[PDB]
Structure formats: C-alpha cells, structure tokens
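Trainee: just the starting chains for now, same placement as in the complex:
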Amino acid sequence: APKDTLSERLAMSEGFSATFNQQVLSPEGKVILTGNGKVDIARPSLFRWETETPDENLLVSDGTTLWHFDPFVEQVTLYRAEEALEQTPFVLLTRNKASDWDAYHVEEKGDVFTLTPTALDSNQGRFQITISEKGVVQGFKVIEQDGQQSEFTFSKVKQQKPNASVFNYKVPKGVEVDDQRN
C-alpha cells in the first residue's frame, strides 16, 4: 500500500540532517520566493528547521515545546509541540508509522507520495514527500488549495539520527518571549 511504502521508507533511519533549497510558486507558476537553510530531524516528533534566506529564523521542537526564534525582531515565541502541525507542516517529516497518516489519503508514483486530506471541508492543502527506496528524503512540498506550492529539496544528506541535544533549545539573552502555549 502507499501508506505502508511511505512509512516503511521513513522508518529506515531514525533521523537525518541535510541542507535545503526552497522555491515558492504562485498558482500561475511564477516564482515568488527562493530560499535555503538546514534541517535536523529525529523520529518521532523532533525537528530543527533553520532558515537562512529570505527570512532568517529558527523553528525547533523537542516533542514538548515548539520554539520560534526570529533574530531580526529579537523575538522568541513558545507553542505546544502538540500543536506543531497547526503552526508548521515540517513535523510531517518526523513521522514513521502508517497510523500517523490517518488524516490523509496517500498516493504513490515512484518516489513521490501525495497526501490529500480526507475531509472535503478542509482549508488545509495537500503535501508531497519524495523519499527513495533506501529511505533518503529528497523533497517536501506544501500545496495550497489555490495551487500555490512551496517546494523543498534536500542535499548533502547525512543519514544518521541527530543527537537529542540538537532539539533542546535554550531561550537566549536579548529577546522578548511571547508565550502562546495557552
């Protein structure tokens, strides 16, 4: 099955580190933004998404707190890691079992897996994960209902679980802290 193929491929490694490039395309197909950064991901639930361009910022979850640090505005915002998917979709790359995909219909074409929300009332868009038969994640795409798509491609993949330390974010000096856990 497609869900089982996706999950078994994600399960081949407990984590990875990589650089990424990003391209955002309008519904018309026009490039709106290009960006880049780095990622560390350990399964389940742990992700450290570091954006270099165009908006330098850090998003990091230890499975309990989701932190958002933006250096330009000297701000740290706190969220429940329970509500990660509401805030960011990158947490999908940290899944590793078929029951994690209950909200979606899954389809496979080669290494490309498309996850479509089951309900039709959805405002959420579809997702795509490109992952090799050896379990190497090649890309991730977020497609809005109106056709706008943000595309992430991974390179320089280190197919090893990052240390737990990488996700234990400490609030730094010189920032305001906005608690959004309640």
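Mentor: That came in fine, so what should we check first? Numbers count the residues shown, from 1 in each chain, chains lettered A, B, ... in the order given.

Trainee: ok, now which ones touch residue A:179?
Mentor: The neighbours of residue A:179, taking Cβ atoms under 8 Å, 6 or more residues apart in numbering as the test, are A:77, A:78. C-beta coordinates here come from the backbone N, C-alpha and C atoms, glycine included.

Trainee: show me what contacts residue A:22?
Mentor: Per Cβ under 8 Å, 6+ apart, neighbours of residue A:22: A:33, A:34, A:35, A:36, A:37, A:150, A:151, A:152, A:153.

Trainee: quick one: buried residues of whichever strand or helix holds residue A:139?
Mentor: Per DSSP states H and E, residue A:139 falls inside strand A:137-143. Applying a neighbour-count criterion of 16 or more other Cβ atoms under 10 Å, the buried positions in strand A:137-143 are A:137, A:138, A:139, A:140, A:141, A:142, A:143.

Trainee: can you tell me the closest non-neighbouring residue to the second one?
Mentor: If you skip the residues right next to it in sequence, residue A:138 has residue A:130 as its closest partner in space, 4.3 Å away by Cβ to Cβ, 6 or more residues apart in numbering.

Trainee: which helix or strand contains the one you found?
Mentor: In this assignment (DSSP H and E), residue A:130 forms part of strand A:126-131.

Trainee: can you list the strands that that strand pairs with?
Mentor: strand A:112-117 (antiparallel), strand A:137-143 (antiparallel) (DSSP bridges).

Trainee: tack on chain B:
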Amino acid sequence: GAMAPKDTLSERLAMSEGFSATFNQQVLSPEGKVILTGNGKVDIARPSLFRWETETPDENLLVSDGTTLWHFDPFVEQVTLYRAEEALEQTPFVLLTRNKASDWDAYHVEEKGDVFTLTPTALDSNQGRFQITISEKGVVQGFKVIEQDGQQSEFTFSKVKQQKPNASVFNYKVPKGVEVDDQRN
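Mentor: Same chains as before, plus chain B:
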C-alpha cells in the same frame, strides 16, 4: 540495466516517439544555492525534432525541424538560422531527441537507477557533464547540464504528454517584421 548503460538509456528513449511537457529550471551555484530560475514548455519528436520555448529568464524560442535550427528572440525581434546537424553546438536539449546507442559515441555513460550521467571521455570539452533521468517506461523526468566547477543547470518536466507531437509543431515560419541572422555556414 546498469551493466549496459548506453543500451538501456537508448532503449528507454526509444519507448516513445516523443513527448510534450512543461519544464522548470533551477541553476545551482558551486556552493549549492539557487541563483536563477526559469520555466517554459517543450515538444520533442524522435529523432532530432525539438521545440524548446522559454518564458523565463529570457523569453525566446528554439525549434528544429531536423534541417534548420531556428532561434527566435522576441525582444530584439531577430531570428538566427543554423544547420540542424550542428544543433548540439547551439543547445544541449537536442540530446533528449536521441534514441540509439551510436548517438552517445562522444560520452562515457553511467547508470545508477533512473539517472544516466554522460561524461565526455576527454576532458577538453568546453561542455561538461550531462544527466538524463528517465523511467524504465521511458518517461523523462529531468535533464541537467553540469559544469566542471560544480554549477548545475537543472530542468524538471511536469504535465507530461507521453505522445509524439505532430510534425507540424516544428515547421517554424519567420514572422513579419523579424530580422534574419543567417548563420547556415
């Protein structure tokens, strides 16, 4: 598969007499960041026929009917004419129109899965390496032009129609008011 790279690459290209598709381009610097994007559409009929219509970065048209290669630029409103048998001199895209082993005579070819890497056997070539990604069913997914210093111009195909375009698609007619730069020599 990988023990006969040119035969496999040839057999896969021969699976369809042509295709049409949209394409998107990314150029990556030697340090791996995106420095340029583009898009357009392509029609290919095998052998030798191609129509590569670019929208970005520069809007322009390249089309060969096997005899004449036309390059039309709408900003300068000029079309240059070339001999089609020298198409490779002007564009690497003609490589997607091949379908037999003797067409890869100038290259060492490596197959790793669906990715075929074409390397000029001698280092002198101003051109660097080429990469064609094509399924076992013959569907071209992408094409890369790689420079020696690491820069890569990467093309990805989408909305593919695995069907031969009509021969009429490649019978370019020079539009009224366009200047003609004849290089057929």
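
Trainee: on that earlier part again, other residues contacting the strand holding residue A:139?
Mentor: Around strand A:137-143, the neighbours that count as contacts under Cβ atoms under 8 Å, 6 or more residues apart in numbering or on different chains are A:10, A:16, A:18, A:89-90, A:92-93, A:111, A:125-132, A:149-154, A:157.

Trainee: hmm, 7 Å instead?
Mentor: With contacts defined as Cβ atoms under 7 Å, 6 or more residues apart in numbering or on different chains, strand A:137-143 is touched by A:16, A:89, A:93, A:111, A:125-132, A:149-154.

Trainee: got the residues of chain A near chain B?
Mentor: Within chain A, the positions adjacent to chain B are A:19, A:21, A:23, A:29, A:31, A:34, A:36, A:155 by Cβ under 7 Å from any Cβ of the partner chain.

Trainee: please repeat the previous calculation with a cut-off of 8 Å.
Mentor: Proximity of chain A to chain B, by Cβ under 8 Å from any Cβ of the partner chain, involves residues A:19, A:21, A:23, A:29, A:31, A:34, A:36, A:110, A:155, A:156.

Trainee: mind checking how far the fifth one is from residue B:56?
Mentor: As for residue A:31, its distance to residue B:56 is 8 Å (criterion: Cβ to Cβ, to the nearest Å).

Trainee: for the first one, same thing?
Mentor: As for residue A:19, its distance to residue B:56 is 25 Å (criterion: Cβ to Cβ).

Trainee: please consider this matter closed, and thank you.
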